[PDB]
Each structure stands twice: as structure tokens, then as C-alpha cells.
Colleague: 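Please find one structure pasted underneath; my questions will follow.
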Amino acid sequence: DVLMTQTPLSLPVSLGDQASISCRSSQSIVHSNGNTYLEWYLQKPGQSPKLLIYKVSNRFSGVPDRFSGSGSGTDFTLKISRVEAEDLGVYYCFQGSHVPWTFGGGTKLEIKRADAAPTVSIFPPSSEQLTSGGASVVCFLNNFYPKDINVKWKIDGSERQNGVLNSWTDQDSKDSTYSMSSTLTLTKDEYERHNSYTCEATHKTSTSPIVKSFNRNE
Amino acid sequence: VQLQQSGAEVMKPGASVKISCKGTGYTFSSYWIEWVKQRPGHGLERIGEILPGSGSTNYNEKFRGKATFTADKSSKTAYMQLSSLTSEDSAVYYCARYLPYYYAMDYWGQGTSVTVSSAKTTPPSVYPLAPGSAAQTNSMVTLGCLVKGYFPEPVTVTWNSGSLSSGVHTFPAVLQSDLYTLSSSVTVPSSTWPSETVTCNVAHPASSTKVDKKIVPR
Ligand SMILES: *[C@@H]1O[C@H](CO)[C@@H](O[C@@H]2O[C@H](CO)[C@@H](O[C@@H]3O[C@H](CO)[C@@H](O)[C@H](O)[C@@H]3O)[C@H](O)[C@H]2NC(C)=O)[C@H](O)[C@H]1NC(C)=O
């Protein structure tokens, strides 16, 4: 099974900036007829993949000319001349030369812009959460870019890591800024026992972690 | 040309499921049917292929034994059966039309979603969240409406009749223990929040549940 490897796993490029994805083969994928059968697919979020290029260079009927392919042997590359918002998605390789035919790892294309600071927030559990017998402490880290974000919970000075909920939102469109909603759940007996709940936020825009905490005792 | 796939399926671990892909508008028997797996995380993995005209089939080594292909020529449908389902088999499965060394995968199915779990149809447990008592009030304040303890997906969290279309960040659902949980946050000025009324219109078509509960100020 020929292995196809794509680099980089992510490629942030601003609008109008040429993009270049690269593909590598565990073994040469040349074929006798004078062609090597490599195809490029694009899968926008919530949709099935769409064909862009086949046989290295040939463009499928109905794709903008800004797309172009090239390569040989075990090295192929896809170039997007002038990127546009509609070009966002994951680009995949595909070798149609040796049975079985294998896909590439994928290269998530994103658009880069001026870094934006995170907007951290913390909300204590609601009344219904107490009635149901639980604790829902939620930390909201909205509109932060880039993905250089980390979350750590230090309860009353002790760092808890078991049972951590990690959740990230894909890049937006109106602002093209990421977000995070990592939280933690606690039991009433395990909730009332401790006193201080804290949620730090470490980001490139601010090396010092951002502090957002509340105390159970009020 | 159109490839139509079966609907979403939910199965228990150790069971087996049979997905179908129906092709119309072309010579069904003369094109290979490619089966592609896409885990929710990332990546496209080819399971194998079948030529309905003959019985020929190929499988990628990772799926050999897990998946079996069959085709029905009378009704232009191709079937893939997954055996001994587990958690890692939960993904979206695509079918594509392929002719090796010639026309590539230009047409795809809509994608069939398969989830493997022992849970039942639990309704939502929306817990509206209000700002904590020990928290400063700023010009811009973000609301919070938590939803958890629901299965199966999806749950369409929104505002009253699209009350606040913009400024909404619906974070992806995540499995805390065995059930799915999500969150949301909408930015609203503190001036209009006391006057303007908005409520998270949580929904659950699988359980035929439609419950909405707003957050009261602290
Ligand atoms: C099986 O043998 C046939 C006969 O030689 C091969 O057909 C030839 O395939 C090549 C490669 O595509 C064709 O050249 C190309 O033609 C296209 C369309 O005109 C053109 O855009 C390209 O620049 C290139 O010139 C060639 O015309 C074609 N010959 C005939 C008579 O059809 C076929 O490729 C072989 N298949 C395999 C799997 O080996």
C-alpha cells in the first residue's frame, strides 16, 4: 500500500497569496501508458470531496485556472495562485496507480491575519445544575488567533487534569478567529469540598496566562 | 449522474450494519464504487472498491475483514457491510464513482453517518448559565446556555426565531462520558439585555424534544 504524505498539515495564507501544498509517495507512482495518476480533492466543511486535478496536471472541467499541479516520481505539488474565501478547506492527495489506491493525509488550508487577543470568561454552575446533582464550570475563550492556546485548571492551587473536556471551534468567516470552550464537571460532594476555581488562558498575544477565577464561598 | 446513500445509522458495539449506495444516470455496472471513511477527527481513508458489473472487489489492508462489498445489478445499488462494530467505526462513509486510469471520482454520495454506542435516546438537559455573582460587569457581556446529557446527535441550539443571528459561537458537541454535550455564547450589550428578550431554543429531533430556557441575571 503506497503511502502518500502531505506537508504542511496546515498552511495559513492570506487572501491573494499564492499557496503550495506538497505530496510525497512511499514509492514511485508512475505508469506505463505515459501518465502518472495523481488526483487532488478539496473537501469544504460539511460536504463531500470535490475533484480538482487528475493525472498530476489536468484540471477537471469547471475549476478556476488558479489551480495547477506538477511533479514526478514520488514528488508532486499543488499550487493555488490567488487564494479566495471559497478555497478554504482540506486538500487531499490520491494516487490512482497501484492497487489499492490511497489518499493523502490532508492539508487544512486556513487564512492568516493580524493576531487577535483572547476574550476569556468563566461562569459558575447554574441552580438547575445544583438541583440535578452536578457542577458545570465552563470557561469561554472566544476570538483568539492563532491556535496557540492552552487551558489549565488549578483548583485551590492544585492542578487537576483528569476528566478534562476539550472543545475547539473551527475558523470563523466574519472574523476568521478561533474559539475554545473547554470546561470541567464536578460532583456536588466534590464541588462543595473545594473553595477556589480558576481557569487560566495561555496565548501568544499575551505570554502571561490570563486569570479568570471565582470562589465558591463568594 | 447521482449517487444516493442510505440514511444515518446507530448501532451497538459488536453488531453489524449494511450501508447502500444507489447510482443513477450512467452505466452503473461499468464503474467501480469506491468506499471512503472519514472519522469525525480528520482524514479520508479508502475502505475498498467493487465493480458491480463483475464481482471484483479490493480492500485496503486496514479494512480487510472488517468490510465486505456486494452489488445488486437489478437495482443499481452497491452495499458495504461492516462487521463487529466498535467505537472507532463511528464515522461518515462516502461512496464515489471511479474508473481507473480514466475519469476520476467526479461524483460522490451525500455521506452516511454511522455511530457505534450502547446509549439510548436521552433528551437534552439544557442548563442555562448566568454571570457569576463575583464578576465585574463590562460594556460587552457574553451569555451562556449549556446543553448536555443528550443522544443521539444533532441538537440545533439557536436563539428565539433567529433573534441574534450574529455574534453566536456554537461550539462542537463532545462526549464527556457516554453522552454528548455542547455550549454556546452570544455577545449582547448590557443596555439591551434587561429590555431585549432572547432564549436559547434548544432542539432534539431524534427525541422530538423542543425545550428553551433563558438565563436570568445574577
Ligand atoms: C491503452 O492504449 C491506448 C492506445 O494507445 C491508450 O490511449 C492513448 O492514451 C494517451 C494518454 O492519454 C493519449 O494521449 C493523450 O491524449 C489526450 C486526448 O487527446 C491529450 O490531451 C494528451 O495530451 C495526450 O496526447 C492517446 O491519444 C491515446 N490513444 C488512443 C488511440 O486513444 C491508453 O492510454 C492505454 N491505457 C492504459 C491504461 O494503458
Side-chain angles (χ1 to χ4, degrees), chain A residues 1-6 18-42 48-82 87 91-104, chain B residues 1 3 21 23 25-36 44-64 69 71 73 76 78 80 94-109:
Chain A
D1 295 34
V2 173
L3 270 89
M4 302 285 278
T5 67
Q6 286 181 286
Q18 203 225 355
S20 175
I21 310 104
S22 171
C23 213
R24 273 257 325 150
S25 209
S26 168
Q27 101 186 73
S28 65
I29 57 145
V30 65
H31 214 62
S32 323
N33 82 337
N35 276 153
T36 195
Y37 302 102
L38 178 103
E39 294 132 43
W40 286 96
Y41 294 92
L42 168 60
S48 52
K50 306 265 156 286
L51 179 72
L52 289 171
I53 315 293
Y54 61 87
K55 290 199 242 283
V56 158
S57 63
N58 312 63
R59 280 142 28 66
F60 189 52
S61 58
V63 312
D65 193 10
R66 58 165 158 290
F67 297 89
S68 288
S70 288
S72 153
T74 74
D75 265 27
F76 310 85
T77 168
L78 163 66
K79 296 183 184 314
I80 312 100
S81 96
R82 187 216 53 64
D87 298 19
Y91 292 76
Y92 292 91
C93 285
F94 188 79
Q95 69 95 10
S97 285
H98 307 268
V99 162
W101 300 305
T102 58
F103 268 100
Chain B
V1 182
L3 270 64
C21 177
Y26 69 107
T27 305
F28 178 72
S29 59
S30 282
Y31 281 84
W32 294 76
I33 293 294
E34 315 291 311
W35 292 97
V36 183
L44 282 170
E45 301 143 278
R46 207 205 70 147
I47 299 161
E49 56 180 17
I50 177 157
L51 180 58
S54 54
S56 201
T57 58
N58 308 343
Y59 303 95
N60 272 107
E61 77 311 9
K62 159 158 185 258
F63 298 88
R64 196 163 322 122
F69 303 138
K73 268 196 265 192
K76 291 125 187 38
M80 152 163 92
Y94 294 94
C95 66
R97 178 187 79 160
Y98 193 62
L99 192 64
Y101 317 130
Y102 294 95
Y103 325 116
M105 297 185 270
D106 43 351
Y107 291 93
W108 293 65

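As the structure lists them, so they are numbered: ligands from 1, and atoms in each ligand from 1. These numbers come from the heavy atoms of this one structure, side chains and all, not from hydrogens, waters or symmetry mates. The sequence lines fix the lettering, A, B, ..., with proteins before strands; numbering per chain opens at 1.
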Colleague: Could you tell me which residues satisfy side chain to side chain donor-acceptor pair (under 3.5 Å) with B:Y98, sequence neighbours excluded, listed by chain and number?
Modeller: A:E39
Colleague: Does B:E45 reach the main-chain N or O of A:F103 with its side chain, forming a donor-acceptor pair under 3.5 Å?
Modeller: no
Colleague: Say whether, by atom type as modelled, one donor and one acceptor occur between the side chain of B:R46 and the main chain of B:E34 under 3.5 angstrom.
Modeller: no
Colleague: Determine all donor-acceptor pairs shorter than 3.5 Å in which one atom belongs to a side chain in residues 66-75 of chain A; sequence neighbours excluded.
Modeller:
residue	atom	partner	partner atom	Å
A:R66	NE	A:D87	OD2	2.9
A:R66	NH2	A:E86	OE2	2.4
A:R66	NH2	A:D87	OD1	3.4
A:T74	OG1	A:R24	NH1	2.7

Colleague: Under the salt bridge (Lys or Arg N to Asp or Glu O under 4.0 Å) rule, what pairs show up with a residue in residues 48-60 of chain A, not counting sequence neighbours?
Modeller: A:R59-A:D65
Colleague: Using a cut-off of under 3.5 Å, which N/O atoms of ligand 1 pair up with protein N/O atoms, and what distance separates each pair?
Modeller:
residue	atom	partner	partner atom	Å
ligand 1	36 (N)	B:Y102	OH	3.2

Colleague: With no hydrogens and no angle check, is any side-chain donor or acceptor of A:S97 less than 3.5 Å from a backbone partner on A:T36?
Modeller: no
